[PDB]
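# Per-entry structural report
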Protein chains: 2
Amino acid sequence: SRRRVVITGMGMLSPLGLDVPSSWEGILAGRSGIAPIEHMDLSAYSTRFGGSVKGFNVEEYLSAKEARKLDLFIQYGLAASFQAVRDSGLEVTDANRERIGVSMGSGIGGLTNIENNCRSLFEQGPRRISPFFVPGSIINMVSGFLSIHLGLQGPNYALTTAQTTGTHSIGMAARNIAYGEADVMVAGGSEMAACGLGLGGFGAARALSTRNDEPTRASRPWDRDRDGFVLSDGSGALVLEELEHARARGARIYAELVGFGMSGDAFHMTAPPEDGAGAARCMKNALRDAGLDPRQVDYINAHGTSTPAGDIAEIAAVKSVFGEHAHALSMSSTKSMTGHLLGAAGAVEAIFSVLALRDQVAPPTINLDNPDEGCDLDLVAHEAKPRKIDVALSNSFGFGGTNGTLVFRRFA
Amino acid sequence: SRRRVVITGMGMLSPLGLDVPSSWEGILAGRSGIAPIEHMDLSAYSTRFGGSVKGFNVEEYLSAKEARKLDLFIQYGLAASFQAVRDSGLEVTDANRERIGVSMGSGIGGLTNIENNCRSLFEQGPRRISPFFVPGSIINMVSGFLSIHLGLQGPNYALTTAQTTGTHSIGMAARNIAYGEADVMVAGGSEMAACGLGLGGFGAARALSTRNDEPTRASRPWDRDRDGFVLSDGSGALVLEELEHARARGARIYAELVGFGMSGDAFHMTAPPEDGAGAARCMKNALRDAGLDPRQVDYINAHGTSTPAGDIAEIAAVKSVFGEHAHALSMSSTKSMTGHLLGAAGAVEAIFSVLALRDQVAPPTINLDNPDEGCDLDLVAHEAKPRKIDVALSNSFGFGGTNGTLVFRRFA
Ligand SMILES: CN(CC(=O)O)C(=O)c1ccc(F)cc1
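Residues numbered from 1 in each chain as written, not as in the entry; some residues may be left out. Chains lettered and ligands numbered in written order. Heavy atoms only, no water.

For this entry, the PDB record names X-ray crystallography as the structure determination method and reports a resolution of 1.6400 Å.

Quick look at the structure:
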């Protein structure tokens, strides 16, 4: 019989701060983490701004010797994980290490390191490729390195489902616990795609906002004048724990994870369907999994990428799933402030949805100056909204028509 | 309590063949798929050979237009997937499309595409990066394209667990069906890394055999003269199906997937512990999941990569799990013939484990001329061994200490 799963620890790096509370204070103040990128010369690029992690000190977590071997996305995922585990108060023992696993994912993983080693190969030759090229760049090594540093011998894996990765990672980790394959999982995602290939690759697809003039105003989900997503870096990690296990050790419980939905659009490799049919199927799957009436949903943390087709598809999916109740819930895109952390987006947004439950506040959609046609829901324009939230939903949609929905509720 | 999961379709590209029966004929003949890599200047590389897919015709599967947009590893995964679905005879309908999903993964993903776009970026700047660079290179696009092409609306995701990916993808797909999240899944893995960054990256770590003078003898698991693994390309895919679903439509059933195990070594980034303690836990977990005693195992498809430390760790793990029955089971490494398909290794080896059951024959470990110290099990040296096989395991042990075991049984 299926066990209940609760959130006992959370950890983050985002464009708004180097931990959860600093990121969350920025979210509730309506602060933007988007700025011109300083780490490289981007005059040749149509987009020259993004959400960078500012002032990250990897030596808060790892020796300089080890850090040098690891792509930033792995450094970011370990930081978030180490925070989440510390925040949980869990002690790893011989009695429990086989029951604790990790599922930290990434959309693209070690693209900076792969580019750097590619430049070495092309300019010099294969003799100049780093010996750490593979273990320092491949996506499964957040889970790998985290298990090595903390002694976690439970299920050890990584998802890579593009912009859905962090939501899927958290959902399937919950399934592991629910079905008895583990008692604790560290789950979420990490991303640092801000290199020549990532900025150039998304730019070649004309997927990014090109508002270089006002980087902080570029991410404007459901605004009439949106022109694509803002590329952002960082990590989110959550400690998921079986309810009785958490109760038994006197753990602080943030919220319960009650529902998870997946669906494939089977529509298009990059475009969502205009009517959000895939998103609707996924949200209904998640609400049925949670045993809910759709009217119980109080807050939705939207995918809300600031893409013309993506944003309107989500309105359509929410109206389809919730009917008249769509006008009573609050829905916001924290990507208005953070930009789009890709494989990490679902991980930081899960955390923001849990904090919305803790603090009974809907985060704003900043930059929502002129809501587009049919975008007439409560999208929490401009300013945080204190309100009752018993049930919070976090949505992600990705390339390949992959959808994920997590349902969290307050724990009594 | 859980639904039963059977194999109804299989698909493959390997260094031995462009399908399952050609590959399996090569396996039972002890044929090698390893040869000097062509159409590439490997003068400056310490390893000049590997397991290429020979004569792949992508236009049997995709238009020229679609093929040009996708990395070889995505082409290979879709080829295996289409083969597997065709082999299953399954008919996708509006009635069943929400119950059919995909979990096709990769260890390292789009290195060829990343190389080619790096060349464009370094030589001409970012304006020459392909618009399709991102969707055409990310690991989840086998699941994505397959779901779009066949109209699959079930769970759509992709794992990336380095050399464990294929084993994990199949096991987790089996869980989706067992726990009623899907009735059908296409699962496995694909890889094309016997390319510049793959050979250069693994060669920098001195992980590869450098036996350039005798490429067919380089992969020699448990042989005293082994000097590292052989890099290989290809794909494997299985149609996994709920038993009553398969019976109702009169599907041909190859075997039953009865057990799945996962563990973490929590030991080292690339090397297993000398005693294979993590591999032991994983095999135990898989047998307990199947409700089977170690005495019931007849055949193990080893991970058996031809690394010094990895091969001996597996011997220690199997002696620990199976005690005196370790000498009565048969264990072989088909990597002696195929080399190491990394993320696809567990997919093609799951298929060889299924065909070991179908045909009642243990594939050989070729090149096992002088078994090393402690390597005194029935390693099916040199020649295929007809024998009774009721229960077959397939092991994968990957970077980050991530372990997977599948347990297959004859169906009746
Ligand atoms: C180079 N090192 C570090 C070390 O020996 O200490 C590795 O572990 C290693 C890296 C990649 C690989 F394919 C195999 C091995």
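So, about the overall build of chain A. Secondary structure summary: chain A contains 12 helices and 14 strands in total. Over its C-alpha trace chain A gives a radius of gyration of 20 Å, about what one expects of a compact globule, namely 22 Å for 412 residues. By its C-alpha atoms, chain A is 65 × 55 × 40 Å across when sized along the principal axes. Per-residue burial for chain A yields a buried fraction of 68% across its 412 residues. Counted over contacts in chain A with a minimum sequence separation of 6, partners at least 24 positions apart contribute 79%. Within the structure as shown, chain A displays about 12900 Å² of accessible surface, and the carbon and sulfur contribution to it stands at 47%. When the 37 positive and 45 negative side-chain charges of chain A are each reduced to one mean point, those points stand 3 Å apart. (Helix = DSSP H or I, 4+ residues; strand = E, 2+ residues; numbered from the N terminus. Rg over C-alpha atoms; globule rule 2.2 N^0.38 Å. Buried < 20%, exposed > 50% of the residue type's maximum accessible area, 1.4 Å probe, protein only. Contact = heavy atoms within 4.5 Å. Areas by Shrake-Rupley, 256 points an atom, 1.4 Å probe, with all protein chains shown as cover. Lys, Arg positive; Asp, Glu negative; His and termini not counted. Charge placed at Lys NZ, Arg CZ, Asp CG, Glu CD.)

What follows covers the relation of the copies chain A and chain B. The two copies are related by a screw operation: chain A maps onto chain B through 179° of rotation and 0.0 Å of translation along the axis, at an RMSD of 0.4 Å. Viewed as a symmetry operation, the transformation between the two copies matches a two-fold axis. Taking the C-alpha atom as reference, chain A places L159 of chain A closest to the rotation axis, 2.3 Å from it. Same-surface contact between copies: 96% of interface residues of chain A are shared with the interface of chain B. (Least-squares fit on C-alpha atoms.)

Residue and element names in this part refer to chain A. Here the structure, examined in full by the defined rule, presents 49 salt bridges over all chains. Of the charged contacts in the structure, one is a salt bridge between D359 and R358, with a shortest N-O distance of 2.8 Å. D359 gets classed as partly exposed once you look at its relative accessible area, which sits at 34%. Residue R358 is classed as partly exposed on the basis of its relative accessible area, which comes to 44%. (Salt bridge = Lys/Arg side-chain N within 4 Å of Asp/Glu carboxyl O.)

Let us look at the interface of chain A and chain B. Taken together, the contact between chain A and chain B spans 69 residues of the former and 67 residues of the latter. Buried surface at the junction of chain A and chain B, both sides included, amounts to about 5600 Å², of which 71% is carbon and sulfur. Taken as a group, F122, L197 and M269 of chain A account for 11% of the area that chain A buries against chain B, more than any other trio of residues on that side. Between chain A and chain B we count two salt bridges in total. The closest approach of N and O atoms between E181 of chain A and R175 of chain B, which form a salt bridge, is 3.0 Å. One can count 14 residue pairs in polar contact joining chain A with chain B. Elements with a minimum of two residues in the side of chain A that touches chain B: α4 (111–123), α5 (141–150), β5 (156–157), α6 (165–178), α7 (196–204) and β8 (255–264) of chain A. Looking at the side of chain A that touches chain B element by element, the count peaks at eight residues for α4 of chain A. The residue makeup of the side of chain A that touches chain B, split by class, is 37 nonpolar, 23 polar and nine charged. (Buried area = accessible area lost by both parts, 1.4 Å probe. Polar contact = N/O pair within 3.5 Å; in protein donor to acceptor, adjacent residues only side chain to side chain. Nonpolar A, V, L, I, M, F, W, Y, C, P; charged D, E, K, R; others polar.)

The next subject is the side chain of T167 of chain B. Residues and elements named next belong to chain B. Of note, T167 is situated in helix α6 (residues 165–178). Take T167: its relative accessible area is 0%, and that puts it in the buried class. Within the local environment of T167, its side chain forms a polar contact with the side chain of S396, the two groups lying 2.5 Å apart. Residues within four places of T167 in sequence aside, it is in contact with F260, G346, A347, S394, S396, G404, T405 and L406.

What follows covers the pairing of strand β6 (residues 184–191) of chain B. All names here are of chain B. The element β6 is largely enclosed, with a buried count of eight among its eight residues. Every second residue of β6 is oriented toward a common face, with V184, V186, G188 and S190 on one face and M185, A187, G189 and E191 on the other, all of them buried. Of the pairings in the sheet, the one linking strand β4 (residues 100–105) to β6 comprises six bridges and is parallel in character. In the strand pairing of β6, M104 is matched with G188. Strand direction decides the pairing type here: β6 and strand β7 (residues 234–242), joined by eight bridges, are antiparallel. (Pairing = 2+ DSSP bridges.)

All names here are of chain A. Within this structure, the stated rule accounts for 14 aromatic pairs over all chains. Ring centres of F202 and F229 lie 5.0 Å apart, and the angle between their planes is 85°; this geometry places the pair in the edge-to-face category. Taken as a pair, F202 in helix α7 and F229 in the loop between α7 and β7 (234–242) lie far apart in primary sequence, 27 residues in all. Of the two residues, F202 and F229, neither departs from the other in class, the shared state being buried. Here the aromatic cluster, defined as three or more aromatic residues joined through ring pairs, consists of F56, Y61, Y76 and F82. Over the aromatic face of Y254 sits the side chain of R252, whose NZ or CZ is 3.8 Å from the ring centroid. (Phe/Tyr/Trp six-rings, centres within 6.5 Å; stacked < 30°, edge-to-face > 60°. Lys NZ or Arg CZ within 6 Å of the ring centre and 35° of its normal.)

All residues adjacent to the ligand are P131, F132 and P135 of chain A together with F202, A205, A207, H268, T270 and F399 of chain B. Neighbouring residues of the ligand are not confined to a single chain but are spread across chains A and B. The contact in question runs from an oxygen atom of the ligand to an N or O atom on the side chain of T270 of chain B, over 2.6 Å. In isolation the ligand exposes 380 Å². Once the protein is present, 71% of that is buried. Taken together, the residues of the shell around the ligand sort by class into seven nonpolar, two polar and no charged. (Near = heavy atom within 4 Å.)

Okay, the domain arrangement of chain A next. Residue and element names in this part refer to chain A. Domain boundaries assigned for chain A yield domain 1 (6–259) and domain 2 (260–412). Here the C-alpha centre of domain 2 lies 20 Å away from the C-alpha centre of domain 1. Of all residues in domain 1, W24, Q163 and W222 bury the most surface against domain 2, accounting for 18% of the area lost on that side. Viewed at the interface, domain 2 and domain 1 are joined by six salt bridges. Measuring nitrogen to oxygen at the nearest pair gives 3.2 Å for the salt bridge that ties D311 to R226. (Domains from an automatic or database assignment.)

Glancing now at the sheet that holds strand β8 (residues 255–264) of chain B. Residue and element names in this part refer to chain B. With mixed pairing, the 10 strands of this open sheet are ordered in space as β5-β4-β6-β7-β1-β8-β14-β13-β9-β10. Each of the sheet's edge strands pairs with one partner strand only, and the pair in question is β5 (156–157) and β10 (330–332). Helix-sheet contacts for helix α10 (residues 308–322) involve β9 (299–301), β10 and β13 (391–398), and the interaxial angle to β13 is about 135°. (Axes fitted to C-alpha atoms, helices over the stretch in contact; angles between N-to-C directions.)

Residues and elements named next belong to chain A. Taken together, the 10 strands give an open sheet; going across it, the order is β5-β4-β6-β7-β1-β8-β14-β13-β9-β10, and neighbouring strands pair in mixed fashion. Taken across any chain shown, the strands that pair with only one partner, and hence form the sheet edges, are β5 and β10 (330–332). Of the strands in this sheet, β1 (5–13), β4 (100–105), β5, β6 (184–191), β7, β8, β13 (391–398) and β14 (402–409) are in contact with α6, which crosses β6 at around 170°. Across the face of the sheet, helix α10 (residues 308–322) comes into contact with β9 (299–301), β10 and β13 while running at roughly 135° to β13.

All names here are of chain A. Of note, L90 is situated in the loop between α3 (72–88) and β4. What makes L90 buried here is its relative accessible area of 13%. Taking the C-alpha atoms as reference points, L90 and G9, 81 residues apart in sequence, are found 8.9 Å from one another.

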